[PDB]
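Here, each number is a calculation from the coordinates, and none is a lab measurement. FYI the Cβ positions are ideal-geometry reconstructions off the backbone, even for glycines, and counts take in every protein chain you see.
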Amino acid sequence: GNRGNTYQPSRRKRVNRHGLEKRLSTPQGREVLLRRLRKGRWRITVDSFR
Amino acid sequence: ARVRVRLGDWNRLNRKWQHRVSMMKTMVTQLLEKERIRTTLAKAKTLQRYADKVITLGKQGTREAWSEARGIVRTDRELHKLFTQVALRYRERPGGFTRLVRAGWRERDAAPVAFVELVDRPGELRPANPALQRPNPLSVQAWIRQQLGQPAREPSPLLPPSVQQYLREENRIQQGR
Amino acid sequence: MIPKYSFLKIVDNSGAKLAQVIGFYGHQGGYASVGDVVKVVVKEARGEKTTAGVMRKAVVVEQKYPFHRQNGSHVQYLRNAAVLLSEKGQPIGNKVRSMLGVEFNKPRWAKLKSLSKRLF
Amino acid sequence: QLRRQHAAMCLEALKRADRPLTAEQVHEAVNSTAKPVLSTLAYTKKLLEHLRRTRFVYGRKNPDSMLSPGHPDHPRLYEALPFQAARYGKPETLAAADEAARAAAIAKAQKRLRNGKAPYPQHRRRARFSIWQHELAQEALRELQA
Amino acid sequence: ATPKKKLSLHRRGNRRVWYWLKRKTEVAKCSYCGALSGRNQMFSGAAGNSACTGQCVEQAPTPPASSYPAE
RNA sequence: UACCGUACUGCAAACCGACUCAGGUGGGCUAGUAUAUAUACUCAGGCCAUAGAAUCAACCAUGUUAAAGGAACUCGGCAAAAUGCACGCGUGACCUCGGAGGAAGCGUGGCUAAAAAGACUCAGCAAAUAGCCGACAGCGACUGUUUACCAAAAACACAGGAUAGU
RNA sequence: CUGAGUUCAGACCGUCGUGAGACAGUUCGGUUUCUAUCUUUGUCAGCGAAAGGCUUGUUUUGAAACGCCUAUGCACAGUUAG
RNA sequence: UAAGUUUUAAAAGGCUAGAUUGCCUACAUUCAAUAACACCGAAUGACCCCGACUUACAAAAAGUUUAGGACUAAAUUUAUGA
Ligand SMILES: [Mg+2]
Ligand SMILES: [Mg+2]
Ligand SMILES: [Mg+2]
Ligand SMILES: [Mg+2]
Ligand SMILES: [Mg+2]
Ligand SMILES: [Mg+2]
Ligand SMILES: [Mg+2]
Ligand SMILES: [Mg+2]
Ligand SMILES: [Mg+2]
Ligand SMILES: [Mg+2]
Ligand SMILES: [Mg+2]
Ligand SMILES: [Mg+2]
Ligand SMILES: [Mg+2]
Ligand SMILES: [Mg+2]
Ligand SMILES: [Zn+2]
């Protein structure tokens with residue numbers, strides 16, 4: 001068994017885990033977003049776009 | 001690991017033997033289609049030996065020779081050329097139908113390169129020598145070839161006058177059946 | 001060439017169908033050859049008095065390796081066989097059986113020139 | 001082309017005389033219709049064996065010279081059946097083998113039904129028509145039409 | 001299977017003697033086009049020589065021959 | 001009868017592994033000899049770009065053949081070699097009567113024959129694919145599960161049984 | 001080169017222990033990495049230049065080659081070292 | 001190549017250096033990229049290599065041969081009885 005390939009990509013799972021709405025659904029996710037804002041990150045979440 | 005050069009045998013040319021024989025058959029077919037091809041020295045020497053074998057087989061002109069050359073020689077446009085133009089061209093030559101001229105090294109791998117061409121053709125690079133050299137009957141060689149059992153082996157036209165008195169006859173035509 | 005721990009068919013009626021060479025008498029440390037005496041062990045009996053499991057003395061009469069002669073000729077046998085011997089250099093068998101008993105032998109083996117069906 | 005013509009003449013000579021006709025008389029029969037054709041018996045035998053291998057004629061034993069009929073030296077009687085057969089053997093033996101094969105097919109299907117499988121292998125139906133076949137039909141119709 | 005110390009400039013130069021190339025003591029020079037090669041090798045226009053003017057071969061007359069061109 | 005997708009790649013040089021990584025990656029369609037999607041050659045189609053060039057080093061890896069022997073090698077026949085297939089005969093103990101068992105062991109095979117038979121070959125399961133067999137014990141009833149990266153086992157589980165609580 | 005035994009990690013049997021555990025008590029199974037720098041050693045090879053004066057033995061038109069001692073090279077190579 | 005065939009004395013036999021002695025018309029290119037074939041070989045007054053022909057009394061390594069490659073010269077042979 002060769003390791004190293006733990007990242008199996010999937011857009012549904014990526015948006016459903018680290019998206020905006022699961023971050024906003026819980027209070028501590030909202031303080032995660034708030035300290036992302038206080039640090040000054042250009043990308044707030046993995047699914048943000050314009 | 002078997003010794004091929006140093007113990008007169010065929011080159012290996014970095015190939016398995018079935019690939020090696022197929023590559024030589026392709027190159028002899030290419031050599032007689034275009035009469036001068038350019039390649040590395042090892043393939044050039046192997047091509048020269050194979051060309052002597054194939055050209056003599058075409059010079060026999062028999063049905064078994066045609067059958068053997070039919071598998072050896074691929075094109076079929078050039079099977080006709082080997083059995084007709086090449087056979088008439090070298091009908092009296094005792095081997096050495098091909099010359100080799102070295103041409104330097106090639107760019108992709110710095111391998112030595114040789115030009116291999118058929119001799120005695122319009123477009124060759126050195127004058128050929130006659131295959132036969134008519135003897136003086138007033139010299140030492142002719143008397144050695146009389147006391148010892150040697151034939152005359154004189155230069156000849158394609159049909160000598162020794163068949164002229166048979167072919168002139170109107171009763172030896174059979175009408176073409 | 002009969003190496004140690006080989007097998008061979010003893011041909012006489014001494015009571016041994018097969019034997020294993022377990023040593024060589026002389027300084028011959030490589031193989032045994034026709035005309036040599038070796039120590040053999042009977043593995044399988046013929047059911048008669050010489051039962052299986054004895055350690056006796058045997059002389060090899062024929063082999064599947066070529067036996068070279070000085071003139072340049074050699075004799076090739078299709079079987080590797082031997083004949084048992086006693087402590088007096090004599091075969092315990094009454095006669096060497098003709099089933100595999102033809103050999104070339106004249107050195108002091110004149111007793112073996114009467115046991116065999118035919119020599120040469 | 002000459003080999004095609006000579007084989008056709010050998011078949012027509014075997015066809016005109018509807019009798020078992022061994023190699024000797026088929027050679028003489030093709031020669032005696034106009035040394036015009038069939039110079040040797042060996043060429044006639046080569047043509048007749050090729051016609052037999054392509055199921056255009058067949059062979060039978062020769063009485064008084066049987067020599068085990070599978071031996072190639074055996075003279076063979078040629079019958080010249082009218083149409084080219086789809087198979088090589090005697091039609092009664094072919095029918096017996098077909099009945100045996102059909103019963104074997106039923107037995108294998110029944111054994112495949114006791115196991116969890118279909119009786120016969122089910123395969124998807126395919127499409128074989130195309131533009132090339134339609135245009136090839138148009139070319140063929142015009143070619144025969146002229 | 002591993003160097004224990006660092007090789008010095010003098011020791012490195014001594015070790016690198018096998019890497020150097022020997023000078024060639026002969027050259028075949030074409031007087032016209034100034035080309036340079038070995039005496040056993042063709043270096044005219046058929047081989048690689050873009051400077052060839054054909055003056056390297058000074059005589060080539062061969063008009064007569066007769067054969068069957070296979071077509 | 002709107003909106004979104006439509007290029008290219010997709011057993012891979014374009015995804016997941018730091019790489020142009022010998023690894024991992026789901027579903028579907030398919031021609032003949034021929035007979036199974038196995039096996040050998042081939043159709044449609046695709047490929048022979050990512051180091052090349054000759055040659056007899058030693059040695060290493062992977063194989064072929066080998067006279068006479070044959071486990072004598074070795075902790076241990078480990079590794080190799082060997083049986084390997086369809087039609088017939090046959091076919092032990094022990095046993096939960098099911099099995100052991102394809103037990104073991106011996107014949108018959110290609111080619112021609114509208115056909116009672118034959119030819120010659122050293123060789124006719126002729127090339128490729130398709131169990132080594134038997135006996136004495138130990139442990140665990142059995143099929144399974146187990147330490148991803150040195151342990152797949154006598155360890156775990158199992159159907160069943162006993163006990164205790166409810 | 002092996003890892004068969006002396007270092008572990010799994011398990012069973014016996015001993016001791018309240019128990020986690022211990023046993024140099026018996027068992028079954030259980031990663032042997034490294035492309036040679038230089039020190040040796042085998043073998044195959046490269047580098048280690050010369051021309052010195054000839055008052056040139058001779059010549060005129062101290063320079064030019066010629067004649068000498070040995071200098072290299074090559075060959076055979078101590079009753080010749082190691 | 002061995003399992004085959006020869007030889008293995010006093011000192012024998014090998015390896016490296018070498019006093020000497022002798023000689024000298026010796027810049028080192030080509031005949032296939034690993035001469036180990038070949039320096040105890042050849043380069044055209046050349047059979048060195050390669051090809052061709054013959055040989056079952058070689059199941060194939062010898063013999064003829066300058067056909068091809070090692071270029072080369074004329075006013076008596078494009079040339080050795082290679
Ligand atoms: Mg896997
Ligand atoms: Mg990662
Ligand atoms: Mg090798
Ligand atoms: Mg092959
Ligand atoms: Mg894959
Ligand atoms: Mg990686
Ligand atoms: Mg990949
Ligand atoms: Mg294929
Ligand atoms: Mg490639
Ligand atoms: Mg054998
Ligand atoms: Mg088979
Ligand atoms: Mg099972
Ligand atoms: Mg299991
Ligand atoms: Mg020449
Ligand atoms: Zn020029």
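Tabulated data
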{"read-out": "Every residue from segment B:142-177 that is over 26 Å from the mean Cα position of the chain (by Cα) and among the hydroxyl-bearing types (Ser, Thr, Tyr)", "value": "B:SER162, B:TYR166"}
{"read-out": "Segment B:154-177 residues that are assigned to a loop (DSSP other than H, G, I, E, B), paired with ones that are of a type outside the set (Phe, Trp, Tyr) (beta carbon under 7 Å, 6 or more apart)", "value": "B:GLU154/B:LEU132; B:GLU154/B:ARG134; B:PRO155/B:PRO130; B:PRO155/B:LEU132; B:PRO155/B:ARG134; B:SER156/B:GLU92; B:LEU158/B:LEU88"}
{"read-out": "Which listed residue, of B:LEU57, B:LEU13, B:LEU41, is of a type in the set (A, V, I, L, M) and on the phi > 0 side of the Ramachandran plot", "value": "B:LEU13"}
{"read-out": "Breaking point among (1) within 13 Å of ligand 15 (Cβ to nearest atom); (2) more than 27 Å from B:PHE115 (Cβ to Cβ), for E:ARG15", "value": "(1)"}
{"read-out": "Unique residue being within 16 Å of ligand 2 (Cβ to nearest atom) and within 10 Å of the chain's Cα centre (by Cα) when the list is A:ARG23, A:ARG14", "value": "A:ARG14"}
{"read-out": "Verdict on E:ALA70 being within 10 Å of another protein chain (Cβ to nearest Cβ), touching a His at 6+ places or on another chain (Cβ under 9 Å) and more than 16 Å from RNA strand G (Cβ to nearest atom)", "value": "yes"}
{"read-out": "Qualifying positions in segment B:81-119 - within 10 Å of RNA strand H (Cβ to nearest atom), of a type in the set (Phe, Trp, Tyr) and more than 15 Å from B:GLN48 (Cβ to Cβ)", "value": "B:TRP105"}
{"read-out": "Residue in segment E:23-40 that is basic (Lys, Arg), exposed (fewer than 10 other Cβ atoms within 10 Å of the Cβ) and within 16 Å of RNA strand G (Cβ to nearest atom) present", "value": "yes"}
{"read-out": "Near pairs, Cβ below 8 angstrom, 6+ apart or cross-chain, from segment B:82-96 (more than 10 Å from chain E (Cβ to nearest Cβ)) to any residue that is of a type in the set (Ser, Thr, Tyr)", "value": "B:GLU92/B:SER156; B:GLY95/B:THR56"}
{"read-out": "E:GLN59 vs. criteria more than 9 Å from chain B (Cβ to nearest Cβ), under 16 Å from B:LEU125 (Cβ atoms) and among the polar types (S, T, N, Q)", "value": "yes"}
{"read-out": "Criterion (surrounded by fewer than 11 Cβ atoms within 10 Å (Cβ to Cβ), of a type in the set (A, V, I, L, M) and within 14 Å of chain E (Cβ to nearest Cβ)) met by exactly one of B:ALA128, B:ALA114, B:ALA110", "value": "B:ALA110"}
{"read-out": "Close pairs (7 angstrom Cβ cut-off, 6 or more residues apart or separate chains): part of a helix (DSSP H, G or I) in segment B:126-153, surrounded by 11 or more Cβ atoms within 10 Å (Cβ to Cβ) anywhere", "value": "B:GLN141/B:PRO135; B:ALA142/B:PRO135"}
{"read-out": "Residue count, segment E:1-28 (criterion: closer than 30 Å to E:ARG39 by Cβ and of a type outside the set (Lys, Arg))", "value": "9"}
